[PDB]
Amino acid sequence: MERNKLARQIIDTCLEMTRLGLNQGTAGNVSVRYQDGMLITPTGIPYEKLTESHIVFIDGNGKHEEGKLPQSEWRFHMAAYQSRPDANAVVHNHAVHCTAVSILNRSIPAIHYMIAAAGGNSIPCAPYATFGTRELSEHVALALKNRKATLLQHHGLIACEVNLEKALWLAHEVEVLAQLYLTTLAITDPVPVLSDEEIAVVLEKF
C-alpha cells in the first residue's frame, strides 16, 4: 500500500476503463483515498501517455502537490470521500448511456435486480452545477449519502467503492443499467420495474 503501487493501479484502472468503452479521450478521472487526502489523475493527459509521475497527491486541506498538473474536478472526489467514509476509490467518467440518462434528468429506477449493487432501488441524478464548483460538490455529497453511484445532470457518472476494482466494476454495471433503461424507454415509457419488496430481498442476498 505504498504510493507507487497505488499509482500503478490507478493507471491500470484508466486503461481498463477505456477498454470497456466507458472512457473516451480525457473525460474520465480516477482517485484513491491515501494518507490524509487522495491520489488522482490530472486533467488533460490521455490515458496512454499517463505515467506514475503524473499522479497528483491532494491533501485533506485541498493543497496540491508541488509541480503537478491540475485536476479541475478534484473537489467532487474529495466530497465523495468526506460523504462516504467507507469509500476508498472513486471513478468518474462521461460514459455515453449514463450521460444520456443524465441529460433527461431522470434517476434509473429498478428495471433490473442488479440496481441493488449501488445500495438501493435506484441510481439518482444530481442536479447540474458547473464543474469544479462547491455547489456541484454539495449535490454530489447529498446524492451519495445512501447510494454508491450517482448520475450528474448534463455531465456523467460518479461511482465509489472499497477498492479500485470494485469501483470500476460498479461504474460498468451502472452503464449497463443506463443502456437497458434508454433502450426500453424508446419503446415504452414508463418502463416496468421490480417492486420495493423484491429489491429488499435482493439487497439482503447481496
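Sequential numbering from 1, following the sequence displayed.
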| item | value |
| --- | --- |
| Which of 43 to 51 and 168 to 176 has higher mean CA B factor, as the PDB entry lists it | 43 to 51 |
| Entry-level comparison of average CA B-factors, 5 to 13 and 179 to 187, reporting the higher stretch | 5 to 13 |
| Top residue by Cα temperature factor, when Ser83, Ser122, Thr130, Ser102 are compared in the entry | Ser83 |
| Cα B factor band for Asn146 (lowest, middle or highest third within the chain) | middle |
| Assigned third (lowest, middle, highest) for the C-alpha B factor of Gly37 | middle |
| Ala27 - which third its CA temperature factor falls in, relative to the rest of the chain | highest |
| CA B-factor ranking of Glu161, expressed as a third of its chain | lowest |
| Third of chain Cα B-factors occupied by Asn93 | lowest |
